[PDB]
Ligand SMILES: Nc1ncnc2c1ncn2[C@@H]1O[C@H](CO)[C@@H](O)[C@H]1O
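Single chain ahead, by itself, as structure tokens, in the form deposited without the named molecule.
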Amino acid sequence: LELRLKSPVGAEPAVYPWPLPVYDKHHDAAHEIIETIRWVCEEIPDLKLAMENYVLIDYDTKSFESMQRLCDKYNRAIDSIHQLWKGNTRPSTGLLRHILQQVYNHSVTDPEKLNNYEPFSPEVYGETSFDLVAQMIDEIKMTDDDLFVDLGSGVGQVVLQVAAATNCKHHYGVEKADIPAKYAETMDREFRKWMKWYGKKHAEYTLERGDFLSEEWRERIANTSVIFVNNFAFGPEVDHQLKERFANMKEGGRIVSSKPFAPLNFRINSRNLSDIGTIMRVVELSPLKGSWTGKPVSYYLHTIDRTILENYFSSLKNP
């Protein structure tokens, strides 16, 4: 016993076993099936016209016959549309939210294994992070000349969201811990498969297991144009090593973080010449000021700017 959903672009069908998988106490693969059908109908007008929409109103998620009828009605409407078309774009924000959740649900089957009790972690990515990352994407406006890196990428959710939305040359995720890095391999596979099923384009990306403080990563950070780092729980020792890596970045290089690497009110003088604040601008970006009705959250945008240090020396030489 199984349920099948035909791809709107002729990719291999999505195949679900029966009884349907349960994700948590209030979420299961039946709600995922209904929402997938609704998303494909909303974005394919001819499909909405062909589909007998009443089947999406009256259904029983606990009945194999009811769920099979619903899947069959959708599969028949897909077939009618493929017949009509007989005779790749980026996903919308709404579809991407659905895809990322679906990818997670098919990949992270045992979330307890993550041993993650933090507020902005993989298990709660959809609550605020998705919206804040979307706001960040609209704010930094990356181009094909950019290289994006997430330092401590978890199961790779930020990398997948950014790669689906932007045209950076490449997106990298580096994760040290065993369990999220192993789950990132499944997230990668499921993301490519589902994006192909929907017929959606994404930029190139790589999720890798590694230590972002290693020698190999020193040159890699130096060549990165956009660093994303949720450093809130890192503490001052790792934060110190990161500032050393950031100090080799190019002019205009950017760092997006959850805790600033330099004070927001940094004032260069003879006693703090050694501080990272001498070579980077720092601003707090808050969607509540940047409408937003979510949590009162912020991120920090750092921009490599060695003219801060240069102006201090020029002012001493020309008082």
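Think of the rigid core as the biggest set of C-alphas that the two forms share within 1.5 Å after superposition. The first residue of the shown sequence is 1; numbering continues from there.
Asks: Would you say which of 30 to 38 and 47 to 55 moves more relative to the shown form in 8 other deposited structures of this protein, going by RMS C-alpha distance with the core superposed?
Replies: After the core superposition, the stretch with higher RMS deviation in 8 other deposited structures of this protein is 47 to 55.
Asks: Would you say which of 235 to 243 and 93 to 101 moves more relative to the shown form in 8 other deposited structures of this protein, going by RMS C-alpha distance with the core superposed?
Replies: Once the core is superposed, the stretch further away in 8 other deposited structures of this protein is 235 to 243.
Asks: Does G290, which is modelled here, drop out in at least a third of the other compared PDB entries?
Replies: Missing in at least a third of the others, so yes.
Asks: Among the other entries that model both neighbours of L114, does it go unmodelled in a third or more?
Replies: Counting only entries that model residues on both sides, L114 is unresolved in at least a third of them.
Asks: Count of coordinate-less deposited residues separating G290 and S291, as none, 1 to 3, 4 to 9, or 10 or more?
Replies: Missing residues, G290 to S291: 1 to 3.
Asks: How many residues that are in the deposited sequence but not in the model lie between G87 and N88: none, 1 to 3, 4 to 9, or 10 or more?
Replies: Per the record, 4 to 9 deposited residues are absent between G87 and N88.
Asks: Do the CA atoms of 138 to 146 or those of 104 to 112 have the higher mean B-factor in the entry?
Replies: On average, C-alpha B-factors are higher across 104 to 112.
Asks: On mean C-alpha B-factor from the PDB entry, just flag whether 40 to 48 or 270 to 278 is the higher one.
Replies: Comparing 40 to 48 with 270 to 278, the higher mean C-alpha B-factor belongs to 40 to 48.
Asks: According to the Cα B-factor stored in this entry, which of the following is highest: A262, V55, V283, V256?
Replies: Of the candidates given, the C-alpha B-factor peaks at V55.
Asks: Based on the PDB record, which member of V297, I308, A11, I304 exhibits the highest Cα temperature factor?
Replies: That would be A11.
Asks: Taking the entry's C-alpha B-factors for this chain, is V133 in the lowest, middle or highest third?
Replies: For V133, whose C-alpha B-factor we compare with every modelled residue in the chain, the answer is the lowest third.
Asks: State the tercile, meaning the lowest, middle or highest third, of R97 with respect to the CA B-factors recorded for its chain.
Replies: It belongs to the lowest third of the chain when residues are ordered by C-alpha B-factor.
Asks: Considering every modelled residue of the chain and its Cα B-factor in the PDB entry, is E35 in the lowest, middle or highest third?
Replies: Answer is middle: the recorded C-alpha B-factor places it there.
Asks: When the deposited Cα B-factors of this chain's modelled residues are ordered and cut into thirds, is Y117 in the lowest, the middle or the highest one?
Replies: It falls in the top third of the chain.
Asks: Just say lowest, middle or highest third for the CA B-factor of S153 relative to the other modelled residues in its chain.
Replies: Lowest third of the chain for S153's C-alpha B-factor.
The discussion below concerns the form deposited with the named molecule bound, not included here.
Asks: Can you tell me whether the pocket in this form is open or blocked when the named molecule is overlaid from where it sits in the bound PDB entry, based on ligand atoms within 2.4 Å of backbone or C-beta (3 or more = blocked)?
Replies: Open: no clash with the backbone or C-beta atoms.
Asks: The named molecule isn't shown here, but in the bound PDB entry which of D72, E216, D211, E112 has a heavy atom within 4.5 Å of it?
Replies: The residue in contact is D211.
Asks: Counting non-hydrogen atoms within 4.5 angstroms of the named molecule in the bound PDB entry, say which of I221, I99, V174, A163 makes the cut.
Replies: None of the other options qualify; the answer is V174.
Asks: Taking 4.5 angstroms as the heavy atom distance cut-off, pick the stretch from 146 to 154, 193 to 201, 163 to 171, 88 to 96 that is near the named molecule in the bound PDB entry.
Replies: In the other structure, the partner sits against 146 to 154.
Asks: Quick one: name the residues from 229 to 245 with any non-hydrogen atom within 4.5 angstroms of the named molecule in the bound PDB entry.
Replies: In sequence order, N230, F234 come within 4.5 Å of the partner.
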